[PDB]
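Working notes, beginning with the structure itself.
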Amino acid sequence: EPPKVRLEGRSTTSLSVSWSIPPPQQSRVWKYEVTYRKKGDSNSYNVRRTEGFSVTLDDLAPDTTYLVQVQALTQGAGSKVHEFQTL
Amino acid sequence: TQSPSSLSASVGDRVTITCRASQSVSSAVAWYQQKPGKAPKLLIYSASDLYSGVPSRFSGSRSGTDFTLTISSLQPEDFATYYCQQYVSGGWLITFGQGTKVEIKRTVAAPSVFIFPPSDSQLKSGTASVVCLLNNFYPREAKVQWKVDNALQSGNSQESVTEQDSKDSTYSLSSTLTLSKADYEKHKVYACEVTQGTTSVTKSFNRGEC
Amino acid sequence: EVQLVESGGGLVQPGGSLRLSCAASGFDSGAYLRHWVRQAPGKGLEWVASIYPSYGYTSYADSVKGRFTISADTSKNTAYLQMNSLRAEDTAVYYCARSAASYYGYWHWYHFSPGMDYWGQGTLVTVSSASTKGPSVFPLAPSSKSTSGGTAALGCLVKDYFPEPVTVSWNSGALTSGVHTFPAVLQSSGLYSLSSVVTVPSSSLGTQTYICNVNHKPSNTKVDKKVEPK
């Protein structure tokens, strides 16, 4: 069952993301795949990966909708695509 | 595929490099600076795109079925070749651009030509190589003609061009006409005709002239 | 820091096999995809193939399709390009390059992949029907007609060698100003041939000696011949 992604740390240049997989299944499956990008433009994924439950995506573009998705490393399913906006 | 393949400008001149695309969907646009004789290097990914302390320099966008890399204030280092790269959404394949080159626009230069007769030592082997040198000229675009006894030569010569000199930005060119010792010994006039614009210059040597 | 040191190369004959290997220090492999691209000398770039080391997802190019086989080992932190059924066109300098990550990235949004951030260095891969051969060196001397207060062009012709490269020096390197060592060209038969020239004032012509130092490391040939006016 895919992780659930939500935001608590928006900024002008910073978008800080958080996910919360349920504890029963917390088999701590390696790392978490945070697959972010811009919108329909500059394609540099700049994807970051971490085993924790939250990431602080830095050096982001102001007043831009970045597209984000979190995937369980799968060493099996990824989360739904999410759209967040900088400040 | 790029619409330009070889260009020229001067220091500080804002230049525009283009590259044809496959369209499909608005896809990735990565260009590389292959400095001649080194290895391809990525500029950087910085939204506006550059290769320095977040400057503009190498900046690009998208224009139609092509993409662009227009740099504003041209500096010496930048002079190199550039390739546009994409990621197709088919079999995860990778296409590439034809490859564009940048030359330093220098005042029209004179092709100083000196012709060389095949050394006597070589003739012993049975091969005759007459070489023609186009020293320190610009533009690279030129036309060399080999006439033996006033007979234009076809399918018998090979050409080589150096890379631009680092100070004056000229070129040196060698056109090598390989002949058989037999054919060489049966002829007398050996000329290498160069056509650099509307002034076509010839340099010749006669078998035995010394 | 992070590198993509490649290996292999040398010489193999048409209808041959050369397994290319690219090590990888510094970067955590498996995620950063390994890419093979050829830079045929004189021409431009040609993408060979790509694979995702951890998941091992194969991606080949039509030019080389089927001929080659790409693979890698996460433990070895290294990739492998198996070259089989080599043909004449396959002659090129092969390049190793690293890409981005994100299983989602490779899938779904692939067309939005970042560029080859980190490249390799190149190792010569020549496929020809010959063997290691030492060059023949012949002189290219001027005459007394070429005077014009300082104009005398002379040089050396390094003919019929294989494989590339050859190093050319003039008077043990001392003579460097004016030297125009041309890039190598191949003769129709299939042997490498270049020329190296230098311009000198028509005063020192005899006084100054001119020894072109040629070296063909491939066949450990070291030619140190002098160019005399004729």
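Taken over the range B:112-206, the convex hull of the Cα atoms encloses 103 Å³ per residue. Basic side chains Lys and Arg get +1 at the Cβ, acidic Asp and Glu get -1 at the Cβ, and with that the dipole of chain C about its Cα centre reaches some 600 debye.
As a rough footprinting exposure proxy, the listed residues C:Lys225, C:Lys217 were ranked by other beta carbons within 10 Å of their own, and the order from fewest upward is C:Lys217, C:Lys225. Name the GluC sites (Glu not before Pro) in the range B:123-186 that are in a loop by DSSP and that have at most 16 other C-beta atoms within 10 Å, would you? Those that pass, being in a loop and sparsely packed, are B:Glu141, B:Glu163. Inter-part distance, the range A:22-62 to the range C:163-178, computed on C-alpha centroids, equals 54 Å. When the alpha carbon gyration tensor of the range C:6-127 is reduced to an equivalent ellipsoid, the three semi-axes, largest first, read 24, 15, 13 Å.
Across every direction, the projection of the convex hull enclosing the Cα atoms of chain C has a mean area of 15.9 nm².
Per the Debye formula with a single identical scatterer at each Cα and no solvent contribution, what log10 I(q)/I(0) holds for chain B at q = 0.08, 0.09, 0.14 Å⁻¹? So the normalised log intensities are -0.43, -0.52, -0.88. Compactness of chain A is given as radius of gyration and Dmax, 12.7, 39 Å, from Cα positions. The alpha carbon centroids of the range C:1-80 and the range C:101-157 are separated by 20 Å.
Could you compute how fast the range C:143-230 diffuses translationally, taking Rh as the Kirkwood radius over C-alpha pairs and applying Stokes-Einstein at 37 °C with viscosity 0.692 mPa s? Give it in µm² per second. Could you put the intermediate results ahead of the total?
Working: Rh = 13.8 Å.
After rounding, the answer is 238 µm²/s.
Thinking of the range C:62-147 as a set of Cα atoms, what percent of all their pairs are more than 20 Å apart?
Details: 2258 of 3655 pairs.
Above the 20 Å cut-off, the range C:62-147 has 62 percent of its Cα pairs.
Taking the number of other C-beta atoms within 10 Å as the exposure measure, put C:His180, C:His108 in order starting with the fewest. Could you put the intermediate results ahead of the total?
On the way: C:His180 22, C:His108 16.
Placing the least packed residue first, the sequence is C:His108, C:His180.
Find, among the chymotrypsin sites (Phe, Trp or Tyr not before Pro) in the range A:1-34, those assigned to loop by DSSP (not H, G, I, E, B) with at most 14 other beta-carbon atoms within 10 angstrom.
On the way: sites: A:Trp19, A:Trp30, A:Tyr32; in loops: A:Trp30.
Sparse-neighbourhood loop chymotrypsin sites (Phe, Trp or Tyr not before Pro): A:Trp30.
When the convex hull of the Cα atoms of the range B:1-105 is projected onto a plane and the area is averaged over all directions, what value comes out in nm²?
Working: hull surface 26.5 nm².
One quarter of the hull surface, i.e. the mean projection, equals 6.6 nm².
Please state the charge dipole magnitude for the protein assembly as shown, taken about the Cα centre, from unit charges on C-beta atoms (+1 on K and R, -1 on D and E), reported in debye and rounded to the nearest 20. Could the numbers behind the result be given before it?
Details: 48 positive and 39 negative charges, 107 e Å.
Here the protein assembly as shown has a charge dipole of around 520 debye.
Comparing B:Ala39, B:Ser112, A:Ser20 along the charge dipole axis of the protein assembly as shown, the residue lying farthest to the positive side is B:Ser112, per the Cβ-charge model.
For the range C:95-174, what does the relative contact order come out to in percent, with C-alpha contacts under 8 Å and a separation of six or more? Walk me through the intermediate numbers first.
Working: 79 pairs, mean separation 20.3, N = 80.
The value is 25 percent.
Only Cα pairs under 8 Å and 6+ residues apart enter the sum, and on that basis the relative contact order of the range C:113-230 stands at 30 percent. Taking every alpha-carbon pair under 8 Å whose residues sit at least 6 apart, the range B:1-105 reaches a relative contact order of 38 percent.
Neighbour counts of other C-beta atoms within 10 Å: give me B:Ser27, B:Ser61 arranged from fewest to most.
B:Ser61, B:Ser27
Counting every pair of alpha carbons in the protein assembly as shown, the share spaced more than 37 Å apart comes to 43 percent. Taking the protein assembly as shown, the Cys residues with no second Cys beta-carbon under 4.7 angstrom are B:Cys210. Of the trypsin sites (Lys or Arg not before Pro) found in the range C:55-123, those in coil by DSSP whose Cβ has at most 14 other Cβ atoms within 10 Å are C:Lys65, C:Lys76, C:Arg87.
Because the Cβ atoms are built from the backbone with ideal geometry, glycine has one as well, and the counts that use them run over all protein chains shown. Bear in mind these aren't lab numbers, they're just calculated from the coordinates by the rules spelled out.
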